[PDB]
Amino acid sequence: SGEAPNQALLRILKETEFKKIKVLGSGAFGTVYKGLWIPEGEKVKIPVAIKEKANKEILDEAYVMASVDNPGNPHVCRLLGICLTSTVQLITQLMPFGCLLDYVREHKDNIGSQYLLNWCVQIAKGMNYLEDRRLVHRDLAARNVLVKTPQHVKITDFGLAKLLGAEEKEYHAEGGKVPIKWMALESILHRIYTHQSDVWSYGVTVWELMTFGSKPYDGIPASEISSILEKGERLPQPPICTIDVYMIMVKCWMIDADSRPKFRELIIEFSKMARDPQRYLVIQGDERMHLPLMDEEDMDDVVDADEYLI
Ligand SMILES: *CCC(=O)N1CC(Oc2cc3c(-c4c[nH]nc4-c4cccc(OC)c4)ncnc3cc2OC)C1
């Protein structure tokens, strides 16, 4: 009974009010397009993305993708509204550089240390916000992050985002087709999903970005990981990874869920590094790479107040 009313605001739009241009995707569900939204009256043109049955209807996808949109996090992808033609249209803001997994594989050779550590602050900022709304994303990966600008990235493709009650901090799952590679040990065993289980996936997400779009547990069938992690083995140290940057990812994989760091601590740990990225990421040609300043003595553990949230 003692819960907060979900006062989210869904919006309905017309298929005549969109001027769809190119085809972004053709997935095994629907299709995403490079649209453009020109509203009635207003002298505006907004770049948008457009999605397009057997047993249940698709709406659960958009229900969570609007409840979190009440206060606004700038690093969490948002839904503008929907169109109700015979074949319904889901309409979001356009993030022109695609997913981040295709940005660390295509632009792999021009990724500065600054660009990397920053994307890791943004993902923990947007992932801290989802925790503040008691929601568990359950699919934090490089592929579920889009590029608004090379500097501004946002978390997308919720899919399994589960809301939690006032006196609730756990989740019971029924299996499915969830990627075991990114899954925390509890999720695999007695199928528990908490905010701390998303931290393990954050550890894999950043590990992916440090290996420049590499395959976690490459050449490995998804059935041994259950006991392979029980023995103690984990993903091995990336090359550009100083012991500072790497030990964060290791501490995100501590079996006792309380030992993993909270996303507010991850924002702090990485924000420090983003002030001097040279000392933490060893990239061959660091300063000569590109993609489209101090004032104190013991400026070491110094963090700005915008990134301090206890
Ligand atoms: C790594 C992910 C991937 O394979 N691709 C190609 C890249 O493209 C896009 C996609 C989008 C999207 C988007 C991606 N997947 N779903 C969406 C989306 C669109 C509308 C509504 C929802 O949620 C209900 C989700 N969103 C926005 N902009 C895109 C731009 C792309 O490349 C330019 C996705």
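Residues numbered from 1 in each chain as written, not as in the entry; some residues may be left out. Heavy atoms only, no water. Residues with missing side-chain atoms left out of burial classes, pairs and counts.

As recorded in the entry header, the structure was determined using X-ray crystallography to a resolution of 2.523 Å.

1. A few points about the sheet that holds strand β2 (residues 22-23)
Pairing is mixed in the open sheet, where 6 strands are placed in the order β1-β5-β6-β4-β3-β2. Unpaired on one side and paired on the other, β1 (12-13) and β2 mark the two borders of the sheet. The pairing of strand β4 (residues 46-51) with strand β6 (residues 89-93) spans 4 bridges and is antiparallel. Bridged to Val 48 within β6 is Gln 93. (Pairing = 2+ DSSP bridges. Helix = DSSP H or I, 4+ residues; strand = E, 2+ residues; numbered from the N terminus.)

2. With respect to the pairing of strand β5 (residues 79-83)
With 4 of its 5 residues buried, β5 lies for the most part within the structure. As paired elements, β5 and β6 share 4 bridges and run antiparallel to each other. Of the residues in β6, the one forming a bridge with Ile 82 is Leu 90. In textbook terms, the turn of a hairpin is the stretch between consecutive antiparallel strands, and for β5 and β6 this stretch comprises 5 residues. (Buried < 20%, exposed > 50% of the residue type's maximum accessible area, 1.4 Å probe, protein only.)

3. Some remarks on the site of the ligand
Within the structure, the ligand sits among 15 residues, and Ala 49, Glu 61, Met 65, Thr 92 and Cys 99 are positioned closest to it. For the shell around the ligand, the secondary structure elements donating two or more residues are α1 (60-67) and β6. It is β6 that contributes the most residues to the shell around the ligand, 3 residues altogether. When residues are assigned to domains, the shell around the ligand turns out to be shared by domain 1 (12-93) and domain 2 (100-307), each giving three or more. (Near = heavy atom within 4 Å. Domains from an automatic or database assignment.)

4. Details of the nonpolar core
Formed by 74 residues in total, the largest nonpolar core has its most connected members in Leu 116, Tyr 202 and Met 210. Take this core: its biggest share by element is 11 residues, from helix α3 (residues 113-132). When residues of this core are assigned to domains, at least three map to each of domain 1 (12-93) and domain 2 (100-307). Residues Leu 13, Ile 50, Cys 83 and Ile 91 belong to the second largest nonpolar core, which totals 8 residues. (Core = buried A, V, L, I, M, F, W, Y, C linked by side-chain atoms within 4.5 Å.)

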